[PDB]
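Structure at a glance
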Amino acid sequence: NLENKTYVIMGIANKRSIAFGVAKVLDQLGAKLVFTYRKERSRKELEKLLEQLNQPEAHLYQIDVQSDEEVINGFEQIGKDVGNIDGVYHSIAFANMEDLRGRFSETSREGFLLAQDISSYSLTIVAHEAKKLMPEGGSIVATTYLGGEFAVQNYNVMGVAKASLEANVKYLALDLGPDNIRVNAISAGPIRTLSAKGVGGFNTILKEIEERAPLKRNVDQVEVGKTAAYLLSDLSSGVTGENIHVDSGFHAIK
Amino acid sequence: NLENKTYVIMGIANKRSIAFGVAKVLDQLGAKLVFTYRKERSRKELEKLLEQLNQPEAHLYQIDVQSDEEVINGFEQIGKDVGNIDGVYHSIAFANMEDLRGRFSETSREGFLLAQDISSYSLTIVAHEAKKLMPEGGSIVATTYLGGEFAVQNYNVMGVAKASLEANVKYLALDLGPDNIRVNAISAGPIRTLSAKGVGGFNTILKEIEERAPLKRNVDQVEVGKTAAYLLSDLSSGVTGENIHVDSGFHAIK
Amino acid sequence: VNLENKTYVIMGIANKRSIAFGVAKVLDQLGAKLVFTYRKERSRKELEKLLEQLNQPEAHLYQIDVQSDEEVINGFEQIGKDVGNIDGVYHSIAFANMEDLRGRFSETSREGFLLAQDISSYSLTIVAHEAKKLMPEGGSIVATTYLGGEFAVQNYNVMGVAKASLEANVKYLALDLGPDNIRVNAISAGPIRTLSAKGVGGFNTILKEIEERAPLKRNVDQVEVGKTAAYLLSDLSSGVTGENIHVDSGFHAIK
Amino acid sequence: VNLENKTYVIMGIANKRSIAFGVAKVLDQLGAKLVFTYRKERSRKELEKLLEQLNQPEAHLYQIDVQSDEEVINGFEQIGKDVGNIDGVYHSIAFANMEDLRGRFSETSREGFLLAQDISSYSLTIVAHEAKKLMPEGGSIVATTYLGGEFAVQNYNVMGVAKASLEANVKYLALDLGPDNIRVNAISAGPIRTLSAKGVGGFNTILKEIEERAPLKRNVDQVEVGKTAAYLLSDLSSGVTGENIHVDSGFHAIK
Ligand SMILES: NC(=O)c1ccc[n+]([C@@H]2O[C@H](COP(=O)([O-])OP(=O)(O)OC[C@H]3O[C@@H](n4cnc5c(N)ncnc54)[C@H](OP(=O)(O)O)[C@@H]3O)[C@@H](O)[C@H]2O)c1
Ligand SMILES: NC(=O)c1ccc[n+]([C@@H]2O[C@H](COP(=O)([O-])OP(=O)(O)OC[C@H]3O[C@@H](n4cnc5c(N)ncnc54)[C@H](OP(=O)(O)O)[C@@H]3O)[C@@H](O)[C@H]2O)c1
Ligand SMILES: NC(=O)c1ccc[n+]([C@@H]2O[C@H](COP(=O)([O-])OP(=O)(O)OC[C@H]3O[C@@H](n4cnc5c(N)ncnc54)[C@H](OP(=O)(O)O)[C@@H]3O)[C@@H](O)[C@H]2O)c1
Ligand SMILES: NC(=O)c1ccc[n+]([C@@H]2O[C@H](COP(=O)([O-])OP(=O)(O)OC[C@H]3O[C@@H](n4cnc5c(N)ncnc54)[C@H](OP(=O)(O)O)[C@@H]3O)[C@@H](O)[C@H]2O)c1
Ligand SMILES: CCCc1ccc(Oc2ccccc2)c(O)c1
Ligand SMILES: CCCc1ccc(Oc2ccccc2)c(O)c1
Ligand SMILES: CCCc1ccc(Oc2ccccc2)c(O)c1
Ligand SMILES: CCCc1ccc(Oc2ccccc2)c(O)c1
Ligand SMILES: N[C@@H](CCC(=O)O)C(=O)O
Ligand SMILES: N[C@@H](CCC(=O)O)C(=O)O
Ligand SMILES: N[C@@H](CCC(=O)O)C(=O)O
């Protein structure tokens, strides 16, 4: 039960967004929710998706995580508007189609560094700024994918960016640990989202989960959200630097 | 919230048992609990310990996991007295005192095989039998330790038994996934229990966690119980074959 | 990599297709003295005939059933008296009943489960205790594992747990024997057509999946395992211990 | 092994203490032709003096700052023009500011963080792409990593996240290049006193912990890394790819 908890959720773009799954779960358990977005188009969808939630107040903030000024000023606004928070759900990644849909060995330097900037660095800076709003401690969760642990066809530059993110989670847990701030990841199975449309062969992946994973079915955004809720609450006290695979057991087999 | 849920908890010996930490957390959450024990002293103990719980009635069953018949018959009786269950928490392990200090290379065939029997195989047989009481699906959770993953000083034969258990967990996940039975492990931090006294240089471990793990403190039984609640509930619906470390982040550092 | 003046004990040759015969060809080709242990008389007979492919000037053959403390204890004792001190051991032994290597892992029997732990993991612990006695200046022990010890692989069932056990055995043996300068390591071989492979349900489609999916897009062979064994048993791998090296065309690295 | 008639590229020798020089001593001792790349004018000076310890009939030296695409592309193209096709590349290159390295990891600047990814990870990707044109019939690429890419190690900070990146880079490069028969691997070295070690806070206390705790109860050296590189770079390790071999006295295996 999360009444009188406030969580910031970053990276809802639409109703299929994994972080909207997180939102519905957290809202149902009584949280106050603050949302951040990048595109105009995404603020519009958030305003519409808010009608399905129980939030009596719309707390929306533009934060493009490529800009230090925007993350710093964003979290500062959030602190002035709603006070201290209890956690952040990070659901942000990006890479070019142009590098994604090409050999990994042909990835461009700007492509590679772009994906690292948005998909991994962004957590470090978010954590630094959110830490300011968690003087009593709290919890930070980022969304990763199995392709950060193993080479997966076509995930390419994004696999390297998730490996980097997963380590970022471990170094931040060590660092922020003494401040009672836990940092973890959920390694989500494949889910039809907007971003999923730029992974070559996504449908083939989806079906192979169905055929092969222990549970013989894919997961959805709400199941990510239910585990998010575990990690962001005191239930997962004593759990930090961890990666939870929410993926039908797929990670455990070969 | 676990009202209208029934769980079998194996391996309470005394107030300090990790499984009592589980009992307290589930009991708080409104579950019906069934207990299994090995020796009669754990029974009296247990009868006195359920005075703390809000369990309206004592459901206790002697099961030695070394006996197929005791596992088979015991779960059969559980079904008869209580009907279908929702999950099993496994908190059971044994090695001989001498095999837990000095030199692993000197471990006896009998001691090695004994620790495998009780600490790993017992989970295979329990799963098979408990599955009968879970036609709609359910959740099995076993307790492991970081030594199944890295060679830890002194843990010796138990670390090879844990490594066995952790793969047991993965093979049961794959097998019982199509029946909607999830199987996971909690890798608990060091905790002062009755079995913990059998381990050479326990105290030193305890202190090194406080010094070196991200949270700079030890975990307790209730922290394991809280994550047990997650694994045993629908909150963890898409998670199977997983191992969650409830250990202050210690697994994540070196 | 020259191993003249070196002596190795190779445990678990049953025929020409055995992984250990790959090792033997490689170590022999490199000048090592080789000493062979076997279980069934038929394996010995197969050793006697396969030795005439090697440039070993004599046959050192010892019957060791790793289920028996006496036979391991006495076989190594005897090996030491015949050839002297050794440089290392290559362990290539495992066993499970067929009745437990298909269908449902949740149906494994206790005796089937403990049998596979005994032969396939414990044997390494007692072999290393006895072999230490012949390596007063240090040495190298290498065991043979498979991916299925790390991940649940269809049909490998009771063996995957035995291998998970083995891989942890290697780690604990590494820790405990390091101060004595004995390295302990594991080679994780990809699927190879052997006599024990015949017991693993689905083996053909596992061979074929490696071919289609593994980075090198081909299967590996016993000599490849041998070349990595040569590295692991020799001073080329000083500093390396408690390690698991995958000789599997890269399959472990992909999902 | 034996590496006569083979040609390797070694990137990242600054002085006699560099890991890459250990690699070079071993490969040179084994008969390989060696070609050397460097960034600072000082590193070329050191290389010219270190070449005297080696049996290289010719100095083949090339300035390549891996921050510049044109330098990597041009350098490797000149290498192909001077020495022909090559058999592999040893990559021993990393960098992070002291200023990000010695603050809380959560205080890492964006600039610092991306610099470290560029130099320490991305560089492998473009090296491999350029190196591949000189490997029409296959070859081997080895990069250098540290346990701190697998676990959070105190003070290693921004370099751990860049090693985690480098290690994924290896697997992805492994899968992509497998079918060209180029293998890609990492050596996870234990702590060795070198010029770069001086930027990692707490370094001596880390050395000491290895001594007191690593199974072999001792630290390793540059030459041990190079013996494992010779293995990875030779046909000894055919079948082996996307692998991370720890040359660290067994410390990765313990808690
Ligand atoms: N779908 C899957 O199968 C899968 C599996 C495992 C992990 N994940 C991870 O889950 C997370 C969420 O992705 P998703 O699948 O839910 O796709 P999504 O709905 O497309 O969400 C991705 C989000 O990233 C935000 N974003 C990208 N660049 C940003 C920037 N520079 N500044 C601020 N926000 C930025 C986008 O915002 P704008 O649209 O406003 O630009 C968008 O809301 C990602 O980290 C993804 O890698 C996805
Ligand atoms: N304490 C820790 O730091 C720690 C950390 C990580 C993991 N663990 C794991 O947590 C689990 C519980 O141990 P604990 O620390 O809570 O100590 P504990 O209270 O002493 O519990 C061990 C339990 O195992 C039971 N048991 C042993 N052999 C049995 C058999 N043949 N049949 C039925 N039950 C048997 C014992 O029952 P009887 O006394 O009735 O024989 C006892 O109740 C174990 O699996 C252990 O490996 C402990
Ligand atoms: N082929 C593969 O794809 C594969 C892959 C990875 C790992 N491995 C591993 O490689 C090793 C060798 O197996 P393999 O594939 O080479 O097939 P193999 O030729 O059948 O070798 C198996 C050996 O184990 C021996 N053995 C069984 N129980 C024994 C006992 N109690 N005492 C002494 N020896 C015993 C057998 O001896 P007897 O015939 O005399 O009984 C036989 O020589 C095993 O550890 C296996 O698990 C195999
Ligand atoms: N020493 C250890 O304890 C340790 C442990 C594990 C892994 N490693 C790794 O081993 C590798 C070698 O480092 P080391 O310890 O040998 O220290 P080192 O002697 O200082 O070597 C580092 C090398 O990196 C090169 N380099 C840095 N930036 C470059 C760039 N932008 N373009 C081209 N070259 C560049 C340096 O060249 P210039 O001097 O010309 O600038 C130098 O030759 C690194 O990848 C390091 O992460 C070291
Ligand atoms: C099979 C891939 C599963 C997956 C789907 C969508 C994912 O989201 C992305 C992908 C690329 C760029 C930005 C976000 C993802 O990370 C992982
Ligand atoms: C320091 C090891 C932490 C730990 C404490 C108690 C543990 O429980 C045991 C130990 C030995 C035999 C049977 C059960 C354990 O597995 C692990
Ligand atoms: C795909 C399976 C690869 C493999 C083949 C043979 C193997 O050897 C066995 C198998 C079962 C029992 C005893 C020894 C193996 O371990 C692994
Ligand atoms: C304990 C640290 C071991 C180690 C020492 C030196 C290392 O090389 C570096 C470190 C930081 C920046 C640039 C190169 C290293 O990667 C790892
Ligand atoms: N392959 C993608 C879409 C088209 C493509 O890139 O091949 C998919 O099926 O998900
Ligand atoms: N094709 C496999 C599956 C049959 C089985 O073993 O049950 C085999 O013949 O080994
Ligand atoms: N002691 C450090 C330098 C100073 C620090 O620890 O911050 C070293 O070994 O490089």
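Residues numbered from 1 in each chain as written, not as in the entry; some residues may be left out. Chains lettered and ligands numbered in written order. Heavy atoms only, no water.

Method of determination, as given in the entry header: X-ray crystallography; reported resolution: 2.30 Å.

Things to note about the overall build of chain C
Using the following cut-off: Each helix corresponds to a stretch of at least 4 residues labelled H or I by DSSP, and each strand to a stretch of at least 2 residues labelled E; elements are numbered beginning at the N terminus. Here the globule rule is a power law, 2.2 Å times the number of residues to the power 0.38, and the radius of gyration is based on C-alpha atoms. Note on exposure labels: buried denotes an accessible area under 20% of the residue type's maximum, exposed denotes more than 50%, and partly exposed covers the range between, all computed with a 1.4 Å probe on protein chains only. Should any heavy atoms of two residues lie within 4.5 Å, those residues are counted as being in contact. Where accessible areas are quoted, they stem from the Shrake-Rupley method and a 1.4 Å probe; at the residue level, only the protein chains shown are allowed to cover.
Counting its regular elements, chain C contains 7 helices and 7 strands. Mapped from its N terminus to its C terminus, chain C presents α and β elements in the order β-α-β-α-β-α-β-α-β-α-β-α-α-β. Against the compact-globule benchmark of 18 Å for 255 residues, chain C has a radius of gyration of 17 Å, which places it among compact chains. If you line up chain C on its principal axes, its C-alpha atoms span 45 × 40 × 40 Å. By residue count, 69% of the 255 residues in chain C fall in the buried class. Within chain C, contacts between residues separated by at least 24 positions form 77% of all contacts whose residues are at least 6 apart in sequence. Accessible surface, chain C as shown: approximately 8800 Å² in total, 45% of it carbon and sulfur.

With respect to the overall build of chain A
What counts, and what does not: Under this rule, positive means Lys or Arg and negative means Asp or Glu; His and the chain ends count for nothing. We put the charge of a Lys on NZ, of an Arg on CZ, of an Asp on CG and of a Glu on CD.
In terms of regular secondary structure, chain A is built from 8 helices and 7 strands. Principal-axis analysis of the C-alpha atoms places the extent of chain A at approximately 45 × 40 × 40 Å. For chain A, buried positions account for 67% of its 254 residues. In chain A, of all internal contacts separated by at least 6 residues, the share reaching a separation of at least 24 is 77%. Summing over all exposed atoms, chain A offers an accessible surface of approximately 8900 Å²; the carbon and sulfur share of this is 46%. Here chain A holds 28 positive side-chain charges and 33 negative ones, and the gap between their average locations is 7 Å.

Some remarks on the packing of aromatic side chains
To keep it simple, the criterion reads: Stacked, tilted and edge-to-face are the three classes applied to pairs of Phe, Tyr and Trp rings, where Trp contributes its six-membered ring and a pair requires centres within 6.5 Å; stacked means planes under 30 degrees apart, edge-to-face means over 60, and tilted covers the rest. To sit over a ring, a charge needs its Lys NZ or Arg CZ within 6 Å of the ring centre and within 35 degrees of the ring normal.
On inspection of all chains with the given rule, the structure shows 16 aromatic pairs over all chains. Between the aromatic rings of D:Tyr146 and D:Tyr156, the centroid separation amounts to 4.9 Å while the plane-to-plane angle is 75°, which identifies the pairing as edge-to-face. One end of the pair, D:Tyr146, is in the loop between β5 (139-145) and α6 (158-177); the other, D:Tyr156, is in the loop between β5 and α6, and 10 residues separate them in sequence. The burial state of D:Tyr146 is the same as that of D:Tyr156; both residues are buried. Note that B:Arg38 overlies the ring of B:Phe94, its terminal NZ or CZ placed 5.6 Å from the centroid. One cation-aromatic arrangement involves D:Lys255 over B:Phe250; the distance from NZ or CZ to the ring centre is 3.6 Å.

A short note on the sheet that holds β5(D)
Residues and elements named next belong to chain D. Defined as follows: In this description, strands pair whenever DSSP reports at least two bridges between them. Fitting a line to C-alpha atoms yields each axis, with helices limited to the stretch in contact; the angle taken between N-to-C directions then spans 0 to 180 degrees.
Within the open sheet, the 7 strands sit side by side as β3-β2-β1-β4-β5-β6-β7. Their pairing is parallel. Unpaired on one side and paired on the other, β3 (61-63) and β7 (244-247) mark the two borders of the sheet. For this sheet, the mean inter-axis angle between neighbouring strands, taken without regard to orientation, is 20°. Strand direction decides the pairing type here: strand β6 (residues 182-189) and β7, joined by 4 bridges, are parallel. From the neighbouring strand, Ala186 faces β7, where its bridge partner is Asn244. The sheet strands contacting helix α2 (residues 41-50) are β2 (33-38) and β3, and the helix crosses β2 at an angle near 155°. Of the strands in this sheet, β1 (7-11), β4 (88-91), β5 and β6 are in contact with helix α5 (residues 110-132), which crosses β4 at around 165°.

As for the sheet that holds strand β6 (residues 181-188) of chain A
All names here are of chain A. In space, the 7 strands of this open sheet follow the order β3-β2-β1-β4-β5-β6-β7, with parallel pairing throughout. In the strand order of this sheet, the two ends are held by β3 (60-62) and β7 (243-246), each with one partner. Within this sheet the neighbouring strands show an average axis-to-axis angle of 20°, counted without direction. Sheet topology note: the strand β2 (residues 32-37)/β3 ladder contains 3 bridges and is parallel. In the strand pairing of β3, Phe35 is matched with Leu60.

Considering the interface of chain D and chain B
Definition in use: Buried area: the accessible surface (1.4 Å probe) lost by two parts on joining, summed over both. Any carboxyl oxygen of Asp or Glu that lies within 4 Å of a side-chain nitrogen of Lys or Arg is treated as forming a salt bridge with it. Definition of a polar contact: a pair of N or O atoms within 3.5 Å, with one able to donate and the other able to accept a hydrogen when the atoms are protein atoms, and with sequence-neighbouring residues admitted only if both atoms are side-chain atoms. Residues are sorted three ways: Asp, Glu, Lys and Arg are charged, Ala, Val, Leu, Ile, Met, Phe, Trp, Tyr, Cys and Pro are nonpolar, and all the rest, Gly among them, are polar.
At the interface, 13 residues of chain D touch 12 residues of chain B. With both sides pooled, the region where chain D packs onto chain B buries about 1100 Å², and carbon together with sulfur makes up 51% of that total. Three residues, D:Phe151, D:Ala152 and D:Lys255, lead the burial of chain D against chain B; their summed loss comes to 57% of the area buried on that side. For the pair chain D and chain B, the interface holds 2 salt bridges. Between D:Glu209 and B:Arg212 there is a salt bridge, with its nearest N and O atoms 3.6 Å apart. Remark: the boundary between chain D and chain B carries 9 residue pairs in polar contact. Its residues assigned to classes, the side of chain D that touches chain B comprises 7 nonpolar, 2 polar and 4 charged.

Comments concerning the side chain of B:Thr193
As for its position among the elements, B:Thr193 is in the loop between β6 (181-188) and α6 (202-212). Polar contacts involving the side chain of B:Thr193 include one to the main-chain amide nitrogen of B:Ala196, which spans 3.2 Å.

Some remarks on the site of ligand 8
Residue and element names in this part refer to chain D. We count it as follows: What makes a residue near a molecule or strand is one non-hydrogen atom of that residue sitting within 4 Å of it.
For ligand 8, the full set of nearby residues is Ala94, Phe95, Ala96, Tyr146, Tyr156, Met159, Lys163, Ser196, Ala197, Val200 and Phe203. One nitrogen or oxygen atom from the side chain of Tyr156 is found 2.9 Å from an oxygen atom belonging to ligand 8. Here the residues of the shell around ligand 8 are counted per class, giving 9 nonpolar, 1 polar and 1 charged.

So, the site of ligand 6
Residue and element names in this part refer to chain B. Taken together, 13 residues surround ligand 6, and among them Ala93, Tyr145, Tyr155, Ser195 and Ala196 come closest. The side chain of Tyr155 places a nitrogen or oxygen atom 2.3 Å from an oxygen atom of ligand 6. In the complex, 88% of the free accessible area of ligand 6, which totals 420 Å², lies under the protein chains. Counting only elements with at least two residues in the shell around ligand 6, the list comes to α5 (156-176) and α6. In terms of residue class, the shell around ligand 6 is made up of 11 nonpolar, 1 polar and 1 charged.

A short note on the interface of chain A and chain D
In this assembly, 42 residues from chain A lie in contact with 42 residues from chain D. Each partner contributes to the roughly 3400 Å² buried at the junction of chain A and chain D, and carbon and sulfur atoms together form 57% of this total. Of all residues in chain A, A:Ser105, A:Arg109 and A:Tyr171 give up the largest surface area on contact with chain D, accounting jointly for 25% of the area buried on that side. One can count 8 salt bridges joining chain A with chain D. Two residues, A:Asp179 and D:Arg104, come together in a salt bridge whose shortest N-O distance is 2.8 Å. Here chain A is connected to chain D by 28 residue pairs in polar contact. Only α5 (109-131) and α6 (156-176) of chain A provide two or more residues apiece to the side of chain A that touches chain D. The element best represented in the side of chain A that touches chain D is α6(A), accounting for 13 residues. When the residues that make up the side of chain A that touches chain D are grouped by side-chain class, the tally is 17 nonpolar, 15 polar and 10 charged.

What about the side chain of C:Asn157?
Mapped onto the fold, C:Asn157 is located in helix α5 (residues 157-177). Judged by its relative accessible area of 5%, C:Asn157 is buried. Polar side-chain contacts of C:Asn157 include one of 3.1 Å to the backbone oxygen of C:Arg102. Those residues in contact with C:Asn157 that sit more than four places away from it in its chain are B:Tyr171, C:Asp100, C:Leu101, C:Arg102, C:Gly103, C:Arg104 and C:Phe105.

Topic: a positive patch on the surface
Put simply, the rule is: Exposure above 30% relative accessible area and the lack of any salt bridge qualify a residue for a patch; like charges then connect within 9 Å, and the nonpolar side chains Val, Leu, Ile, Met, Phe, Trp and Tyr within 5 Å.
Among the surface-exposed residues, B:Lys15, B:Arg16, B:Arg192 and B:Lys197 lie close enough to one another that they form a single positively charged patch. With respect to the element layout, B:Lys15 can be found in the loop between β1 (6-10) and α1 (18-28).

Considerations on the pattern of salt bridges
Under the counting rule described, the total for this entry stands at 53 salt bridges over all chains. B:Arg43 is the salt-bridge partner of B:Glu47, the closest N and O atoms lying 2.9 Å from each other. Placement of the pair is B:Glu47 and B:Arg43 together in helix α2 (residues 41-49), with a separation of 4 residues, close to one helical turn. A salt bridge links B:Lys132 to B:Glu129; the shortest N-O distance between them is 2.7 Å. When its relative accessible area of 5% is taken as the criterion, B:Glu129 is described as buried. Put simply, A:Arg103, D:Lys132, D:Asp176 and D:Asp180 are held in one network by salt bridges that share partners.

What to know about the packing of helix α3 (residues 68-82) of chain A against α5(A)
All names here are of chain A. Put simply, the test is: Should the near helix be turned anticlockwise from the far one by less than a right angle, the crossing is termed left-handed; should it be turned clockwise, right-handed.
The N-to-C vectors of α3 and α5 enclose an angle of 35°; their axes lie 9 Å apart at closest approach. For the element pair α3 and α5, the recorded crossing hand is right-handed. Contacts between α3 and α5 pair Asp68, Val71, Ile72 and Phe75 from the former with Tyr121, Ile125, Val126, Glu129 and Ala130 from the latter. Residue composition of the contact of α3 with α5, grouped by class: 7 nonpolar, no polar and 2 charged.

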